[PDB]
Every structure is written in structure tokens, then in C-alpha cells.
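Below you'll find only one chain, the form deposited in one PDB entry, shown as C-alpha cells.
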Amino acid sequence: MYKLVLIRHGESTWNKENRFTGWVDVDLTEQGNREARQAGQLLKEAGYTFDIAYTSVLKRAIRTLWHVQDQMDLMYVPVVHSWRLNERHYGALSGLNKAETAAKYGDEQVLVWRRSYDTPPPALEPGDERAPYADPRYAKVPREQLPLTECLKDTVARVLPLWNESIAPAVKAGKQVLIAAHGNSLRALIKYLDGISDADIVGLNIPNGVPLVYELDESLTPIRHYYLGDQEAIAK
């Protein structure tokens, strides 16, 4: 049996401001900081440890990991930062207020932008300042693999190679893995691990700052999964 722990980052500045974020590298709020710190304290209190962590190149996730490492006294473990765990790319929606966007385009339209498994939001223009081509985080990613927008299907396709090439081998090698990432990149892993349908996966919401534990068998198939902490509070 193996355990894999996942954690979604806590509140970001743009979560606070109700702005679509995607690949924009916004930071945590004080609240997001404390949620990270509390996840760490939960893991520590439950006696979890980790040999390695995986995170995105986005500091809201990485800072969340840092807080967890700090609270667990695991600041020395190897950390793999991969663009592959990035939040779903929100295209030209990135930075827009979500309430305002709905007002403008209607709930229906925005539903498709938010939830359509296979149809992405409107893309950035290539020359947009938000585009990823000049960003040192992505200097080594082939230009054609860099998104100007993504649907969850794209996000799944981009996440899974990191699982197959690096995380799965880690887990099989006996390493206790923490993955600190984002709502959609975690949704993508969960979709894969639990065989969730294209149809059902857009329904799964993952709470911020709550460790999500997967027990995996020898074939890396889930036996079960659970959140750590206050079940009643979580459920609410």
C-alpha cells in the first residue's frame, strides 16, 4: 500500500478579488498563508512525513508547500517544480472579475468557459503580456507545448506525463510523496487515479488547504482516499 498526499493551495490575492487566475503568478493572502500552515500542522500532528514533494512553478502553490515544509520540519526534502502542475490556463479571461464576466457574457457562456471539459476559454493573443513565451519558468518548454488557453482536457494531457515519468516511479520506489498544486491540476490527477468520467470530473471541487490522502495499491490503483482534519467542517 502506498500513500500519496495532495494539497490544493490556500487563498490567493485573486481568489480574494474573485478574478480568474490561471497561469498568472499571484501570491497567497494572509488567509492562504494560514491555511497552508494549518495543513502542515495537521500532517505533522497525524505523523505524516515526506521524502519528496511536487509542485507547480506558481508561487501560490510553492509558498503553500513552503509553509507545509516549515511546519513539518521538512525544509530539506527534494522538491520538483513543474509547469506541468500549473493551474489550468485561463486564456484572455485571466485577470477578469468573474462576476463581471458573467454579467457581460451571461452565465451560460461562462459555464462553458469554466466547465466544458473539451472547449477552452478564449485564448490570449500571442503578443499579449500575459503570454508565456518570454517567461523564464517556461524557457525550456517547446514553444508549441505552451498554452494560450486550456480546457481541463488539455490540463489532463499536460499533467499526466509528470505522473508517468516522475511521480509514479517515486511512489513505486517507496518515496512518500506530497503534491502541492492547484484545483485543476489536482482534478486532473484525481480523474486519472479514480477513473472519473469526462462528464463527472468537472463536478469535483477540492477544498483549499486540506490534505487529501490517497491509499494506493501495488498497481497504483486507489484503495481509498480521505481528507485529513475536521470532517464536519470539511463537508461544510
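Only residues modelled in both forms are compared. Residue positions are given as counts along the sequence shown, with the first one as 1. In this text, the rigid core denotes the largest set of C-alpha atoms whose superposition between the two forms falls within 1.5 Å.
For the pair 61-69 and 42-50, the mean Cα B-factor is higher in 42-50. Across the two stretches, 167-175 and 28-36, the PDB entry reports the greater mean Cα temperature factor for 167-175. Across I190, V202, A181, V210, the entry's maximum B-factor at the CA atom is seen for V202. Set against one another, the Cα B-factors of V80, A99, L74, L162 in the record reach their highest point at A99. When the modelled residues of the chain are ordered by C-alpha B-factor, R130 sits in the middle third. Ranked by C-alpha B-factor against the other modelled residues of its chain, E87 falls in the lowest third.
Sort the chain's modelled residues by C-alpha temperature factor and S197 lands in the highest third, per the entry. When all modelled residues of the chain are sorted by CA temperature factor, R143 is found within the highest third. Remark: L111 belongs to the highest third of its chain, ranked by C-alpha B-factor as recorded.
Missing here is the form deposited in another entry; even so, the following discussion is about that form.
Among the candidates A103, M75, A139, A157, displacement between the shown form and the other one reaches 2 angstroms at the C-alpha for one position only, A103 (superposition on the rigid core).
Positional change of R114 between the shown form and the other one reaches 2 Å or more at the C-alpha, relative to the superposed core.
Distance between the C-alpha atoms of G22 and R115: longer in that other deposited form than here (change of 3 Å or more). Relative to this form, the distance between the C-alpha atoms of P132 and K104 is reduced by at least 3 angstroms in that other deposited form. Taking a Cα shift of 2 Å or more after superposition on the rigid core as the cut-off, the stretches of three or more consecutive residues that move between the shown form and the other one are 103-108, 111-115.
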